[PDB]
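Before any comments, here is the structure.
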Amino acid sequence: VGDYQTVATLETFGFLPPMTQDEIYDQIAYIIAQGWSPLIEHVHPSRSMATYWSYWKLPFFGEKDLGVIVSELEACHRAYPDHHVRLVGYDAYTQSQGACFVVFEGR
Amino acid sequence: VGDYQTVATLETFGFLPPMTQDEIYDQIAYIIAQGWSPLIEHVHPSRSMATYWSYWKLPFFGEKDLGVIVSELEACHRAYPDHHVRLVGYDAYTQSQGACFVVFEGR
Amino acid sequence: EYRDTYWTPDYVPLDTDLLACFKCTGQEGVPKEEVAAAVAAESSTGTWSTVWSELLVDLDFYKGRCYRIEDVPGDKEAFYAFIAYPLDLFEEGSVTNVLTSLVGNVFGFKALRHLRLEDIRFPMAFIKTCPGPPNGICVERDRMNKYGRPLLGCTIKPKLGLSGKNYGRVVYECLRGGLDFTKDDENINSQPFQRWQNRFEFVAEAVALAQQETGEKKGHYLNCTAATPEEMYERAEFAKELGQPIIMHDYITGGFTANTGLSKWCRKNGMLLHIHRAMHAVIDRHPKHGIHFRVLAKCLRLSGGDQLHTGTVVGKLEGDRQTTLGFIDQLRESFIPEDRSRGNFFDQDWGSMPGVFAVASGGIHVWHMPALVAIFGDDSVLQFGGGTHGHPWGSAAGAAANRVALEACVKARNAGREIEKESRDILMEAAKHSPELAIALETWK
Amino acid sequence: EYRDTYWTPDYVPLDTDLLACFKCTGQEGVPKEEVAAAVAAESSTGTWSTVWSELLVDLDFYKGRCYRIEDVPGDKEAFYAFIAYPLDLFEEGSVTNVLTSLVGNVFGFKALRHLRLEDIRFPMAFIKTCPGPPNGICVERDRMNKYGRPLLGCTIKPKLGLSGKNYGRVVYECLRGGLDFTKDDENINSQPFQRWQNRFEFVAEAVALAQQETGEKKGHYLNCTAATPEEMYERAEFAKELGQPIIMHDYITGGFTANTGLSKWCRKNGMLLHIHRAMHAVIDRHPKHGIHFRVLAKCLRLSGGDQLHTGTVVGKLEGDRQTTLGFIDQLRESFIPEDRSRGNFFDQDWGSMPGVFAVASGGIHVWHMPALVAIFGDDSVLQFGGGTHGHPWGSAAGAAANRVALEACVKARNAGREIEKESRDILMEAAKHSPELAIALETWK
Amino acid sequence: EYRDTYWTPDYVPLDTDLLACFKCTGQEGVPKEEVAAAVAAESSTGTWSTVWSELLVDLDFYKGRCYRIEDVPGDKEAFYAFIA
């Protein structure tokens with residue numbers, strides 16, 4: 001009974017409703033606990049299929065505070081409130097993205 | 001005398017005026033009489049050139065009632081009243097479409 | 001006398017043998033068994049006296065067996081003869097070898113007034129060896145996304161004289177009217193007035209334009225029959241590069257070897273293959289001698305191909321549509337039960353090897369369509385070269401009229417109605433929304 | 001007696017040697033040292049009496065050395081034997097040569113009741129010689145832009161019978177639900193009902209359509225295992241032309257040589273390689289005799305490849321997941337410390353040679369996923385052929401349900417929670433926004 | 001249970017079929033017909049519950065048939081199974 005309509009989703013937690021701020025705190029705390037580094041990416045939704053998004057300030061290495069990460073997230077969200085904004089944890093020892101998901105979706 | 005203007009037609013009964021409901025009953029009764037299975041497809045008219053349309057609920061196997069088919073047709077028409085909606089009879093033994101034609105054309 | 005070793009009074013054919021039916025007329029007052037055994041031997045073995053080398057290979061195992069002589073219903077001098085063939089007498093998937101071993105030298109023996117090859121029962125093994133049609137019926141329907149109705153073609157008239165641009169625009173005008181395909185003329189491949197490259201380029205451009213305009217996947221039959229196989233492959237690959245989804249060929253004139261190579265190339269490149277039966281009548285026009293068209297149809301289906309010309313039978317000659325429908329059955333169905341009336345003398349099964357579309361063209365127009373749909377079913381194509389072009393409103397209007405006539409006819413058939421009788425009412429009702437159909441039905445009442 | 005020259009009581013293996021572990025059971029009441037030395041010799045050298053030509057080459061240097069016999073924990077007749085091999089006894093990067101030199105003739109000696117190859121310690125040099133996987137774990141993640149979660153596949157059910165269009169539309173329905181990939185069936189490459197060209201074309205079209213619709217880089221596993229290597233390369237290059245980013249193969253049935261060639265071609269053409277373990281059980285179903293699956297996994301990783309089937313272990317048999325996780329470690333990590341419980345008898349280092357994804361499929365559905373995530377980590381793929389297809393709402397809904405279940409499970413795992421115990425709460429919370437997940441969890445409670 | 005559609009008590013193989021012989025030992029106290037049918041299905045078709053796509057292709061024609069179970073001369077738990 002009923003159909004599931006195709007939805008333009010956003011890559012690993014694109015299906016779930018937008019995450020709450022406490023969940024963002026937990027995610028960034030996990031990124032810290034894994035020794036990864038936070039990195040902020042914003043891009044226009046029309047170019048979601050690109051390979052590299054427009055990066056914010058350089059990745060924060062040795063940064064272990066959640067509050068600065070949240071401040072940077074809200075600052076970048078106010079910078080481009082119409083772009084898709086995601087947070088990525090970078091692992092230097094494996095040269096991969098340990099965890100990444102969208103934080104703010106554009107209008 | 002007079003010209004025949006090119007018309008964006010809809011694949012086997014795209015030329016004739018839209019079929020009446022009794023004709024739909026006769027078509028689905030024929031599909032039943034051939035042992036085929038009804039299947040409902042809807043898609044935006046801009047993507048008519050695609051290979052696979054957005055399918056409705058799974059094809060009804062062992063279904064031999066016209067009324068349920070008509071109810072599903074009107075329900076799917078109300079679901080996407082701007083999409084092109086067609087009905088297809090599927091033959092399992094030959095893996096082809098025994099008969100297919102458009103039922104509702106979008107605005 | 002050859003009956004003693006080439007006539008088998010009580011032999012039962014093996015399921016791996018090749019069974020052949022010959023309508024034979026020997027000289028007056030000759031033993032029918034003896035002439036049947038002579039035909040069977042002349043297919044495999046023939047010596048004028050005692051020989052030596054035949055004792056180094058077992059002639060007993062590598063020899064044919066005529067096992068049944070039946071009286072033809074209509075002539076007591078003509079008789080049906082059923083000859084068996086061990087599987088090893090042929091090549092693994094060579095229809096050319098089958099024809100050479102079957103009719104290579106038998107037609108030259110003086111002891112036969114007339115000989116006609118009627119039916120062949122190909123073993124399942126030999127069918128599994130041959131490449132077969134590259135696409136198949138259902139696969140072609142999938143690649144064209146056309147169902148419900150038979151498809152509609154037309155030969156480009158006149159037979160020749162068109163330049164690349166003119167041929168392309170005529171094809172476009174025919175195609176934009178809802179016509180499914182168009183076939184080039186069987187005798188037109190490359191001419192001093194028209195080089196094939198220009199025709200292919202312009203017709204590809206026209207097909208693309210018509211496909212964009214009408215919103216349907218369309219195509220034109222491109223001919224690759226030429227002087228050399230290299231030219232044939234070159235033209236086929238050129239058509240492949242131009243995005244054309246189907247090419248056409250003449251398998252008898254070009255050759256069974258060329259047809260098999262073209263079909264293998266089409267399978268290897270994902271191309272559809274159309275075939276015309278040019279020069280088939282020279283083999284089947286005579287009703288008492290030659291090779292029946294069902295044998296040629298079987299050979300083409302084994303050698304590969306998606307479409308085969310038949311006529312219907314009707315339009316000029318009411319004829320004996322039974323045997324025509326019989327070879328249609330042999331063209332479409334995987335298995336066909338025996339039917340003496342339909343000219344099917346063997347229980348022939350094709351396994352799960354896809355069939356071939358039937359082509360009905362020549363001497364037909366709008367008035368015949370209901371009967372054509374009734375006799376040919378939904379797995380066929382109808383071509384109206386002159387009828388669509390000779391329509392006073394133009395080729396596009398004629399093609400549209402034939403298309404809507406076919407749609408109305410298949411609708412009425414799906415309605416559960418006997419189309420043949422009330423066909424006039426069906427065409428009048430169709431004309432109630434298509435004035436071009438009305439004037440066409442007026443033209444050739 | 002062969003102990004005197006093929007049993008080494010105090011030899012220490014060189015770091016460039018190839019070390020092999022054999023679980024051996026000789027005849028009753030035989031010297032364990034003698035049978036171990038017999039196995040070691042039968043791997044390299046064997047003579048029935050005094051011989052001459054062995055004095056022209058130094059047999060002392062080109063011979064294996066069994067250096068340690070350990071008592072198996074559970075049987076005192078079965079014993080672990082560690083045999084060394086000089087580096088020169090093999091080809092520079094030929095897993096085929098390794099298998100020939102290791103199990104070519106040893107299994108035929110009558111003096112052994114049972115023999116099982118347990119572990120192999122490949123030297124760093126031989127690993128650096130082999131081509132290895134064409135892409136690697138991180139490179140595949142980069143090419144798919146998928147992280148955070150394990151990937152989700154499904155086998156296309158039924159096992160066969162689908163035409164090109166039907167197979168393509170089924171793959172599209174599975175893919176559009178958020179499913180990462182789909183794998184063709186291991187025994188389905190080219191069939192009379194389905195020629196591989198049509199399947200590849202239709203599945204490429206469906207993958208492109210689904211990729212456009214869902215806004216994610218997607219792909220389907222295309223099989224190139226066929227009769228000849230020429231056909232394999234032809235199909236691989238055809239898939240490359242159609243923009244498909246991954247192909248699949250059966251390395252045991254096709255062959256180690258074919259697998260190595262396919263991996264080299266994928267590296268040379270920038271293609272991903274999927275592998276299924278068809279016929280592996282015939283080598284590892286028996287727990288006491290044959291070759292353990294860890295050896296085959298090592299051989300495949302050396303020969304190249306991006307994915308390898310494992311099951312998990314769980315779903316039907318709680319079993320001994322320790323050794324399964326052990327071979328997972330050997331599949332992913334660059335170095336693995338010794339672990340007798342995990343079946344790792346050597347300190348094996350792969351340098352910086354990228355690992356291989358693990359594939360878990362068969363007898364699994366939504367209910368098992370938390371434990372699967374816990375045991376397989378994030379570097380794995382989960383396939384639910386029947387589960388996604390057998391979902392009453394359709395393949396797309398089942399794939400979406402499995403996708404959201406995986407997302408919720410990996411979220412809870414990242415939350416720092418013990419998923420195995422509270423898995424029911426996790427799936428209920430996920431179902432609080434996915435009714436298809438709720439009905440699926442209802443189906444197979 | 002898969003015997004009902006993958007065990008054939010009276011089927012005779014066709015001369016174009018592929019016939020395979022398996023020496024099978026199921027678990028203790030299991031129906032020999034059921035395990036033979038399970039092997040035959042696992043060669044061609046296998047589903048864990050009710051499925052949909054199998055109604056678009058005739059599973060009846062594209063399926064194997066185990067048609068004869070014979071007692072192995074030497075073990076009564078091992079049995080020869082002939083699958084078409």
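All residue names refer to the structure tokens as shown: chains lettered A, B, ... in order, residues numbered from 1 in each chain, ligands numbered from 1 in order.
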Kindly assemble as a Markdown table a list of the chain A residues that lie within 8 Å of chain D, each paired with its nearest atom pair and their distance in Å to one decimal, using only C-alpha atoms, sorted first by chain and then by ascending residue number.
```
| residue | atom | partner | partner_atom | distance |
| --- | --- | --- | --- | --- |
| A:1 | CA | D:393 | CA | 7.4 |
| A:3 | CA | D:393 | CA | 7.8 |
| A:4 | CA | D:397 | CA | 6.6 |
| A:6 | CA | D:214 | CA | 7.1 |
| A:7 | CA | D:214 | CA | 6.8 |
| A:8 | CA | D:214 | CA | 5.5 |
| A:9 | CA | D:214 | CA | 6.8 |
| A:10 | CA | D:215 | CA | 7.9 |
| A:11 | CA | D:216 | CA | 7.5 |
| A:12 | CA | D:407 | CA | 6.8 |
| A:13 | CA | D:407 | CA | 6.8 |
| A:15 | CA | D:404 | CA | 7.2 |
| A:16 | CA | D:404 | CA | 7.8 |
| A:26 | CA | D:415 | CA | 6.7 |
| A:27 | CA | D:415 | CA | 7.3 |
| A:30 | CA | D:414 | CA | 6.5 |
| A:48 | CA | D:215 | CA | 7.6 |
| A:49 | CA | D:215 | CA | 6.8 |
| A:94 | CA | D:138 | CA | 7.5 |
| A:95 | CA | D:138 | CA | 7.4 |
| A:96 | CA | D:138 | CA | 6.1 |
| A:97 | CA | D:147 | CA | 6.3 |
| A:98 | CA | D:148 | CA | 6.1 |
| A:99 | CA | D:148 | CA | 4.3 |
| A:100 | CA | D:148 | CA | 6.2 |
```
Contacts of residue 277 in chain D at 9 Å or less, counting only C-alpha atoms, minus same-chain residues fewer than 4 places along, as a PyMOL selection string? chain D and resi 186+250-253+281+308-310
Could you write out that same residue set with C-alpha atoms as a tab-separated table (two decimals), in the first residue's frame?
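Generated output (out.tsv):
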```tsv
chain	number	residue	atom	x	y	z
D	186	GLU	CA	27.83	-16.02	-10.97
D	250	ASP	CA	34.70	-15.59	-10.98
D	251	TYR	CA	38.39	-16.17	-10.36
D	252	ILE	CA	38.29	-19.86	-9.42
D	253	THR	CA	36.13	-21.03	-12.32
D	281	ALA	CA	33.29	-24.46	-0.79
D	308	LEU	CA	35.69	-10.91	-2.29
D	309	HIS	CA	32.68	-12.88	-1.06
D	310	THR	CA	32.72	-14.24	2.49
```
Please provide the set of residues having any atom within 10 Å of residue 55 in chain E, restricted to only C-alpha atoms, with same-chain residues fewer than 5 positions apart removed, written as a PyMOL selection string. (chain B and resi 37+59-62+91-93) or (chain D and resi 158)
Within 12 Å of residue 361 in chain D using only C-alpha atoms, minus same-chain residues under 5 positions, as a list in words: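 Once the adjacent positions are removed, what remains is residues 152, 153, 154, 155, 182, 183, 276, 277, 308, 309, 310, 311, 312, 313, 314, 315, 368, 369, 372, 380, 381, 382, 383, 384, 385, 386 and 387 of chain D.
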Residues from last step as file, C-alpha atoms, as a PDB file, in the first residue's frame:
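Writing done, so here's out39.pdb:
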```pdb
ATOM      1  CA  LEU D 152      24.805  -2.081  -0.101  1.00  0.00           C
ATOM      2  CA  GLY D 153      24.392  -4.535  -2.975  1.00  0.00           C
ATOM      3  CA  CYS D 154      21.944  -7.210  -4.055  1.00  0.00           C
ATOM      4  CA  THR D 155      21.899 -10.158  -6.428  1.00  0.00           C
ATOM      5  CA  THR D 182      23.965  -4.939  -7.956  1.00  0.00           C
ATOM      6  CA  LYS D 183      25.826  -8.125  -8.877  1.00  0.00           C
ATOM      7  CA  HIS D 276      32.754 -13.979  -6.420  1.00  0.00           C
ATOM      8  CA  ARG D 277      34.007 -17.140  -4.717  1.00  0.00           C
ATOM      9  CA  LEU D 308      35.685 -10.908  -2.290  1.00  0.00           C
ATOM     10  CA  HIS D 309      32.678 -12.879  -1.060  1.00  0.00           C
ATOM     11  CA  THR D 310      32.722 -14.239   2.494  1.00  0.00           C
ATOM     12  CA  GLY D 311      29.256 -14.548   3.911  1.00  0.00           C
ATOM     13  CA  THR D 312      29.555 -13.041   7.343  1.00  0.00           C
ATOM     14  CA  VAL D 313      29.420 -16.225   9.295  1.00  0.00           C
ATOM     15  CA  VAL D 314      26.154 -15.452  11.032  1.00  0.00           C
ATOM     16  CA  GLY D 315      22.499 -15.714  10.065  1.00  0.00           C
ATOM     17  CA  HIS D 368      21.030  -9.317  10.929  1.00  0.00           C
ATOM     18  CA  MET D 369      22.477  -5.937   9.917  1.00  0.00           C
ATOM     19  CA  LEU D 372      27.077  -7.546  10.400  1.00  0.00           C
ATOM     20  CA  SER D 380      32.527  -4.234   3.469  1.00  0.00           C
ATOM     21  CA  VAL D 381      29.462  -4.610   1.248  1.00  0.00           C
ATOM     22  CA  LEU D 382      26.121  -6.233   2.105  1.00  0.00           C
ATOM     23  CA  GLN D 383      23.966  -7.995  -0.497  1.00  0.00           C
ATOM     24  CA  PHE D 384      20.322  -9.006   0.025  1.00  0.00           C
ATOM     25  CA  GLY D 385      19.036 -10.618  -3.161  1.00  0.00           C
ATOM     26  CA  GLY D 386      15.824 -12.225  -1.963  1.00  0.00           C
ATOM     27  CA  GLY D 387      15.339  -9.889   0.989  1.00  0.00           C
TER      28      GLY D 387
END
```
Tell me the residues of chain B close to chain A, meaning within 10 Å using only C-alpha atoms, as a PyMOL selection string. chain B and resi 54-58
Store the residues picked out above in a file with N, CA and C atoms, as a short mmCIF file (atom, residue, chain, number, x, y, z; two decimals), in the first residue's frame.
```
data_model
loop_
_atom_site.label_atom_id
_atom_site.label_comp_id
_atom_site.auth_asym_id
_atom_site.auth_seq_id
_atom_site.Cartn_x
_atom_site.Cartn_y
_atom_site.Cartn_z
N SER B 54 8.14 5.62 -14.35
CA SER B 54 7.96 5.40 -12.92
C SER B 54 6.78 4.46 -12.72
N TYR B 55 7.05 3.25 -12.24
CA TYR B 55 6.02 2.23 -12.10
C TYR B 55 5.19 2.47 -10.84
N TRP B 56 3.90 2.13 -10.93
CA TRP B 56 3.01 2.15 -9.79
C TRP B 56 3.23 0.88 -8.97
N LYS B 57 2.30 0.54 -8.08
CA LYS B 57 2.37 -0.68 -7.29
C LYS B 57 2.66 -1.89 -8.19
N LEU B 58 3.28 -2.92 -7.61
CA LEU B 58 3.82 -4.03 -8.39
C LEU B 58 2.74 -4.65 -9.28
#
```
Residues within 12 Å of residue 100 in chain D, please, as a compact mmCIF listing (two decimals) with N, CA and C atoms, in the first residue's frame. Count only C-alpha atoms; anything in the same chain fewer than 6 positions from it doesn't count.
```txt
# COMPACT_ATOMS: atom_id res chain seq x y z
N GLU D 42 57.75 -33.54 -1.34
CA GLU D 42 56.77 -33.68 -2.41
C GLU D 42 56.32 -32.34 -2.96
N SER D 43 56.52 -31.26 -2.20
CA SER D 43 56.34 -29.93 -2.74
C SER D 43 57.48 -29.51 -3.66
N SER D 44 58.71 -29.97 -3.39
CA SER D 44 59.85 -29.56 -4.21
C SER D 44 60.50 -30.71 -4.95
N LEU D 89 61.93 -20.51 -5.89
CA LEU D 89 61.08 -21.61 -6.35
C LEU D 89 59.81 -21.14 -7.04
N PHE D 90 59.59 -19.85 -7.29
CA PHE D 90 58.32 -19.38 -7.82
C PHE D 90 58.58 -18.34 -8.90
N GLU D 91 57.51 -17.91 -9.55
CA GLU D 91 57.55 -16.86 -10.56
C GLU D 91 57.33 -15.51 -9.90
N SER D 94 53.27 -14.62 -9.85
CA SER D 94 52.35 -15.60 -10.44
C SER D 94 51.73 -16.39 -9.30
N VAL D 106 51.31 -32.72 -3.95
CA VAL D 106 51.44 -33.18 -2.57
C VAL D 106 50.21 -33.97 -2.12
N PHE D 107 49.04 -33.64 -2.66
CA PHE D 107 47.81 -34.28 -2.22
C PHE D 107 47.65 -35.71 -2.73
N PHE D 256 43.03 -18.53 -12.17
CA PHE D 256 43.93 -17.52 -11.60
C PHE D 256 44.61 -16.71 -12.70
```
Which of range 208-304 of chain C DSSP labels strand (DSSP E or B), written as an NGL selection string: :C and (221-223 or 246-250 or 272-276 or 290-291)
Can you build me a table of chain E residues sitting at most 12 Å from chain C, with the closest atom pair per residue and its distance in Å to one decimal, using only C-alpha atoms, sorted by chain and residue number, as CSV?
```
residue,atom,partner,partner_atom,distance
E:14,CA,C:15,CA,11.3
E:15,CA,C:15,CA,8.7
E:16,CA,C:124,CA,7.9
E:17,CA,C:351,CA,11.2
E:61,CA,C:352,CA,10.6
E:62,CA,C:352,CA,10.7
```
Using only C-alpha atoms, select each residue of chain E with any atom at most 6 Å away from an atom of chain B, and give the selection as a PyMOL selection string. chain E and resi 56-58
Writer output for current selection, N, CA and C atoms, as a compact mmCIF listing (two decimals), in the first residue's frame:
```txt
# COMPACT_ATOMS: atom_id res chain seq x y z
N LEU E 56 7.31 -12.94 -13.64
CA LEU E 56 7.49 -12.36 -14.96
C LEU E 56 8.22 -13.29 -15.92
N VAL E 57 8.85 -14.35 -15.42
CA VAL E 57 9.45 -15.38 -16.25
C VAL E 57 8.95 -16.73 -15.76
N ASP E 58 8.70 -17.64 -16.70
CA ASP E 58 8.14 -18.93 -16.34
C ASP E 58 9.16 -19.77 -15.58
```
At a cut-off of 7 Å, which residues of chain C touch chain D? Count only C-alpha atoms and give the answer as an MDAnalysis selection string. chainID C and resid 142 270 352:353
What does the distance from CA of residue 185 in chain C to CA of residue 299 in chain C come to in Å, to one decimal?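 Separating CA of residue 185 in chain C from CA of residue 299 in chain C is a distance of 22.7 Å.
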I'd like the interatomic distance between CA of residue 180 in chain D and CA of residue 221 in chain D, to a tenth of an Å. 10.5 Å
6 Å contact set for residue 45 in chain B, only C-alpha atoms, chain neighbours under 2 positions out, as a CSV table (one decimal) with N, CA and C atoms, in the first residue's frame:
```csv
chain,number,residue,atom,x,y,z
B,47,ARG,N,10.1,13.7,-20.1
B,47,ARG,CA,10.9,12.5,-20.2
B,47,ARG,C,10.3,11.4,-20.9
B,48,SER,N,9.5,11.7,-21.9
B,48,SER,CA,8.8,10.6,-22.6
B,48,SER,C,9.8,9.7,-23.4
B,83,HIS,N,1.4,14.1,-15.1
B,83,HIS,CA,2.2,13.1,-15.8
B,83,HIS,C,1.4,12.3,-16.8
B,84,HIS,N,2.1,11.8,-17.8
B,84,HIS,CA,1.6,10.8,-18.7
B,84,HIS,C,1.4,9.5,-18.1
```
Can you work out which one of C:427, C:156, C:224, C:171 has the shortest atom-to-atom distance to residue 189 in chain C, counting only C-alpha atoms?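 Closest residue, counting only C-alpha atoms: C:224.
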Please identify all polymer residues within 8 Å of residue 29 in chain B, counting only C-alpha atoms, omitting same-chain residues fewer than 4 positions from it, and present them as a ChimeraX atom specification. /B:25,33,66
Go ahead and write the selection's residues with N, CA and C atoms as a PDB file, in the first residue's frame.
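File result_25.pdb, as written:
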```pdb
ATOM      1  N   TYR B  25     -12.296  -0.480 -20.124  1.00  0.00           N
ATOM      2  CA  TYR B  25     -12.799  -1.754 -19.616  1.00  0.00           C
ATOM      3  C   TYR B  25     -12.556  -2.871 -20.623  1.00  0.00           C
ATOM      4  N   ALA B  33      -8.018 -11.702 -20.788  1.00  0.00           N
ATOM      5  CA  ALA B  33      -8.292 -12.853 -21.641  1.00  0.00           C
ATOM      6  C   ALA B  33      -7.034 -13.423 -22.281  1.00  0.00           C
ATOM      7  N   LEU B  66     -11.843  -6.209 -13.298  1.00  0.00           N
ATOM      8  CA  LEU B  66     -11.666  -4.927 -13.973  1.00  0.00           C
ATOM      9  C   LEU B  66     -11.765  -3.763 -12.992  1.00  0.00           C
TER      10      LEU B  66
END
```
One-decimal distance in Å that lies between CA of residue 133 in chain C and CA of residue 348 in chain C: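 We find that CA of residue 348 in chain C and CA of residue 133 in chain C lie 17.6 Å from each other.
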Backbone-only DSSP, alpha helix (DSSP H) members of chain B, as a PyMOL selection string: chain B and resi 21-33+66-79
